[PDB]
Amino acid sequence: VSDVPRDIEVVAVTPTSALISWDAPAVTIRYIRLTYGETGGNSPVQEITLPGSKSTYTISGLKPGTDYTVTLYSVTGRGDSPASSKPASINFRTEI
Amino acid sequence: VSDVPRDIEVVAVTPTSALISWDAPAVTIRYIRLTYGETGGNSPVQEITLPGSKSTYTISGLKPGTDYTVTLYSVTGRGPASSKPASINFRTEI
């Protein structure tokens, strides 16, 4: 059960960015769906689809001293409505 | 579920410490059990029990440029019941 990206980690952080990392699950994935936004912020979450082979991503264009939630989904299916894993997320704050 | 600590966060990190934060669950709890250790490792894993009302904790005495895992779970009741754990991984600065 559950083959979401594994060990999501906040590797490093700056006032405007964050290096996030993870290990791909056991099942083959077509791509990683990554979303992020201010924690508890009633504003549109930024989403980014990455090559399933990626194990890192640097989020940029963020506000300093801000709390953000990053969420990853493994997309294993094909089509415009592909099969997806349950969500996996972590929170962090950018430097001031 | 409703007993699990909310939005566990790595607020700030240094070469040997990390400020961890989270929101208290909506339900009444007695303690917060926080365990941390090097991610994937044979190094000892230390556990601390915190008052259920504490919402932050600073882990110190860590090694620079190292991957650590922190798991949190709440304890409710007398003598008790535990929530499923929640965790996050971070790396200390180099």
# chains A, B, ... in the order shown; residues from 1 in each chain; ligands from 1
>>> residues_around(residues="residue 90 in chain A", least_positions_apart="6", cutoff="8 Å", atoms="only C-alpha atoms", output="list in words")
residues 8, 9, 10, 69, 70 and 71 of chain A; 7, 8, 9 and 88 of chain B
>>> write_last_selection(atoms="C-alpha atoms", output="PDB file, in the first residue's frame")
ATOM      1  CA  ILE A   8      10.720  14.089   1.666  1.00  0.00           C
ATOM      2  CA  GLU A   9      13.397  16.401   3.061  1.00  0.00           C
ATOM      3  CA  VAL A  10      14.082  20.144   3.363  1.00  0.00           C
ATOM      4  CA  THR A  69       3.823  23.542   2.592  1.00  0.00           C
ATOM      5  CA  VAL A  70       5.267  21.390  -0.183  1.00  0.00           C
ATOM      6  CA  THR A  71       3.304  18.384  -1.384  1.00  0.00           C
TER       7      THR A  71
ATOM      8  CA  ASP B   7       1.892  20.650  10.042  1.00  0.00           C
ATOM      9  CA  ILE B   8       5.228  19.587  11.533  1.00  0.00           C
ATOM     10  CA  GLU B   9       7.758  22.104  10.277  1.00  0.00           C
ATOM     11  CA  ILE B  88       9.830  15.167   8.576  1.00  0.00           C
TER      12      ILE B  88
END
>>> closest_atom_pairs(of="chain A", to="chain B", cutoff="12 Å", atoms="only C-alpha atoms", output="CSV")
residue,atom,partner,partner_atom,distance
A:6,CA,B:89,CA,10.3
A:7,CA,B:89,CA,6.6
A:8,CA,B:89,CA,6.4
A:9,CA,B:89,CA,4.5
A:10,CA,B:90,CA,4.8
A:11,CA,B:91,CA,5.1
A:12,CA,B:91,CA,7.0
A:13,CA,B:12,CA,8.5
A:14,CA,B:12,CA,10.1
A:15,CA,B:12,CA,11.2
A:18,CA,B:90,CA,11.3
A:19,CA,B:90,CA,10.3
A:20,CA,B:90,CA,9.1
A:21,CA,B:90,CA,9.4
A:22,CA,B:89,CA,9.5
A:23,CA,B:89,CA,11.9
A:38,CA,B:7,CA,11.8
A:39,CA,B:7,CA,8.4
A:40,CA,B:7,CA,9.7
A:65,CA,B:11,CA,9.2
A:66,CA,B:11,CA,9.4
A:67,CA,B:11,CA,7.9
A:68,CA,B:9,CA,8.9
A:69,CA,B:7,CA,8.2
A:70,CA,B:9,CA,10.8
A:71,CA,B:7,CA,11.7
A:88,CA,B:88,CA,10.3
A:89,CA,B:88,CA,8.6
A:90,CA,B:88,CA,6.3
A:91,CA,B:9,CA,4.5
A:92,CA,B:10,CA,4.7
A:93,CA,B:11,CA,5.0
A:94,CA,B:11,CA,7.8
A:95,CA,B:12,CA,7.4
A:96,CA,B:12,CA,10.2
>>> residues_around(residues="range 46-50 of chain A", least_positions_apart="3", cutoff="10 Å", atoms="only C-alpha atoms", output="mmCIF file with N, CA and C atoms, in the first residue's frame")
data_model
loop_
_atom_site.group_PDB
_atom_site.id
_atom_site.type_symbol
_atom_site.label_atom_id
_atom_site.label_comp_id
_atom_site.auth_asym_id
_atom_site.auth_seq_id
_atom_site.Cartn_x
_atom_site.Cartn_y
_atom_site.Cartn_z
ATOM 1 N N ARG A 30 5.613 7.877 -13.750
ATOM 2 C CA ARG A 30 5.773 8.600 -15.005
ATOM 3 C C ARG A 30 6.283 10.000 -14.693
ATOM 4 N N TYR A 31 5.847 10.555 -13.568
ATOM 5 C CA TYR A 31 6.308 11.866 -13.158
ATOM 6 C C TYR A 31 5.865 12.252 -11.757
ATOM 7 N N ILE A 32 6.554 13.239 -11.192
ATOM 8 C CA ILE A 32 6.263 13.738 -9.858
ATOM 9 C C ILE A 32 5.473 15.031 -9.984
ATOM 10 N N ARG A 33 4.382 15.116 -9.239
ATOM 11 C CA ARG A 33 3.545 16.300 -9.233
ATOM 12 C C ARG A 33 3.880 17.005 -7.913
ATOM 13 N N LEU A 34 4.471 18.188 -8.017
ATOM 14 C CA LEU A 34 4.863 18.942 -6.839
ATOM 15 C C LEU A 34 4.061 20.234 -6.719
ATOM 16 N N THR A 35 3.495 20.467 -5.543
ATOM 17 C CA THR A 35 2.715 21.669 -5.298
ATOM 18 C C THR A 35 3.286 22.348 -4.072
ATOM 19 N N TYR A 36 3.081 23.651 -3.963
ATOM 20 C CA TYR A 36 3.569 24.384 -2.803
ATOM 21 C C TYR A 36 2.859 25.724 -2.653
ATOM 22 N N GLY A 37 2.688 26.145 -1.412
ATOM 23 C CA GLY A 37 2.028 27.403 -1.137
ATOM 24 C C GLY A 37 2.221 27.748 0.322
ATOM 25 N N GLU A 38 1.887 28.977 0.694
ATOM 26 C CA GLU A 38 2.028 29.396 2.078
ATOM 27 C C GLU A 38 1.121 28.541 2.943
ATOM 28 N N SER A 43 -4.594 31.153 -0.759
ATOM 29 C CA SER A 43 -4.138 31.622 -2.062
ATOM 30 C C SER A 43 -3.781 30.422 -2.936
ATOM 31 N N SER A 53 12.079 10.814 -12.919
ATOM 32 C CA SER A 53 13.454 10.488 -12.525
ATOM 33 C C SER A 53 14.112 11.518 -11.612
ATOM 34 N N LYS A 54 13.470 12.673 -11.434
ATOM 35 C CA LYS A 54 14.010 13.717 -10.563
ATOM 36 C C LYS A 54 13.877 13.324 -9.095
ATOM 37 N N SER A 55 14.899 13.628 -8.303
ATOM 38 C CA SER A 55 14.862 13.314 -6.881
ATOM 39 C C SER A 55 15.047 14.587 -6.045
ATOM 40 N N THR A 56 15.184 15.723 -6.729
ATOM 41 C CA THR A 56 15.337 17.021 -6.070
ATOM 42 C C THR A 56 14.668 18.125 -6.871
ATOM 43 N N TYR A 57 14.413 19.237 -6.198
ATOM 44 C CA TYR A 57 13.800 20.394 -6.819
ATOM 45 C C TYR A 57 14.030 21.618 -5.948
ATOM 46 N N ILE A 59 12.739 25.171 -5.027
ATOM 47 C CA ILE A 59 11.596 26.060 -5.105
ATOM 48 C C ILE A 59 12.164 27.464 -4.965
ATOM 49 N N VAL A 70 4.917 21.980 1.101
ATOM 50 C CA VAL A 70 5.267 21.390 -0.183
ATOM 51 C C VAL A 70 4.625 20.023 -0.182
ATOM 52 N N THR A 71 3.986 19.669 -1.287
ATOM 53 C CA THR A 71 3.304 18.384 -1.384
ATOM 54 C C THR A 71 3.694 17.679 -2.669
ATOM 55 N N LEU A 72 4.001 16.388 -2.559
ATOM 56 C CA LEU A 72 4.398 15.588 -3.709
ATOM 57 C C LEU A 72 3.421 14.443 -3.958
ATOM 58 N N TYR A 73 3.216 14.132 -5.232
ATOM 59 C CA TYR A 73 2.361 13.024 -5.641
ATOM 60 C C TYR A 73 3.109 12.266 -6.736
ATOM 61 N N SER A 74 3.074 10.942 -6.683
ATOM 62 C CA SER A 74 3.714 10.157 -7.724
ATOM 63 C C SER A 74 2.613 9.947 -8.750
ATOM 64 N N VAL A 75 2.885 10.254 -10.008
ATOM 65 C CA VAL A 75 1.893 10.029 -11.049
ATOM 66 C C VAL A 75 2.372 8.789 -11.807
#
>>> residues_around(residues="range 70-76 of chain B", least_positions_apart="2", cutoff="6 Å", atoms="only C-alpha atoms", output="ChimeraX atom specification")
/B:29-36,80-83,85-88
>>> closest_residue(among="B:84, B:15, B:38, B:25", to="residue 53 in chain B", atoms="only C-alpha atoms")
B:25
>>> select_by_dssp(residues="chain A", states="strand (DSSP E or B)", output="ChimeraX atom specification")
/A:6-13,17-23,31-38,46-51,56-60,67-75,84,88-93
